[PDB]
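What follows is a single structure, written as structure tokens, with notes after it.
Here the Cβ positions follow ideal geometry from the backbone for every residue, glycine too, while neighbour counts run over all protein chains shown. None of the figures in this text is laboratory data; all of them are computed from the coordinates on show.
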Amino acid sequence: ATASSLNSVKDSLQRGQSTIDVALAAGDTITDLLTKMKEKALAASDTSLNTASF
Amino acid sequence: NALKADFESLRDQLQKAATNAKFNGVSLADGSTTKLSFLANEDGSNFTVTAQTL
């Protein structure tokens with residue numbers, strides 16, 4: 001009975017693997033967007049830009 | 001009188017040449033601003049150069 005019950009534990013661990021997989025798949029996009037936001041704010045920090053480019 | 005009128009004329013053209021010195025809305029010779037602080041590093045450090053009014 002214990003050996004048969006272990007299959008649900010395996011299923012839960014695999015479901016958790018899939019969940020962190022989806023979370024990392026979105027975290028890649030989050031890090032890329034954060035890098036682009038730092039790009040924009042960093043370029044905007046320069047005082048030599050005219051009001052339109054800013 | 002002719003040399004005096006020529007002197008006033010060259011002074012006017014010098015003022016116009018001073019007014020027209022700017023690149024994309026900013027200038028280091030017109031005196032529009034005391035300085036422009038260009039970017040220096042990824043941490044937001046700035047490479048400033050003071051404007052030299054002309």
**Report entry** Cα→Cβ-extended label distance, 7 Å offset, between residue A:11 and residue B:30, nm
**Finding:** 7.3 nm
Report summary line: Rounded to the nearest whole number, the per residue volume of the convex hull around the C-alpha atoms of the protein assembly as shown in Å³ is 101 Å³
Query raised in the report: Ordered by residue, what ³J(HN,Hα) values in Hz, to whole numbers, does the range B:4-19 give under the Karplus form 6.51 cos²θ - 1.76 cosθ + 1.60, where θ = phi - 60° and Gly and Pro are x?
Result: 5, 5, 5, 5, 5, 5, 5, 5, 5, 5, 5, 5, 5, 5, 5, 5
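In deg cm²/dmol and to the nearest 500, what is the mean residue ellipticity at 222 nm of chain B if only DSSP H runs of at least 4 residues count, each as -39500 (n - 2.57), divided by the residue total?
Working: 1 runs with 18 residues, N = 54.
Estimated from H runs of four or more residues: -11500 deg cm²/dmol.
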Requested in this report: With only alpha-carbon atoms counted, please give the Rg and Dmax of chain B, in Å.
Outcome: 16.7, 60
Query raised in the report: In chain B, which trypsin sites (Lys or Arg not before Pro) fall in coil by DSSP and have 12 or fewer other Cβ atoms within 10 Å?
Result: none
Report task. Report, to two decimal places, the Cα Rg of chain A normalised by 2.2 N^0.38 Å (N = number of residues). Result -> 2.28
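Output the relative contact order of the range B:13-54, whole-number percent, from Cα pairs under 8 angstrom with separation of 6+ residues.
Details: 56 pairs, mean separation 14.1, N = 42.
Worked out over the range B:13-54, it gives 34 percent.
Summing -39500 (n - 2.57) over the DSSP H runs of n ≥ 4 in chain A and dividing by its residue number, what mean residue ellipticity at 222 nm do you reach, to the nearest 500 deg cm²/dmol?
Details: 1 runs with 43 residues, N = 54.
Roughly -29500 deg cm²/dmol at 222 nm, from the helical runs in chain A.
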**Report entry** Signed unit charges on C-beta, dipole axis of the protein assembly as shown, positive-most listed residue B:20, B:49, A:48
**Finding:** B:20
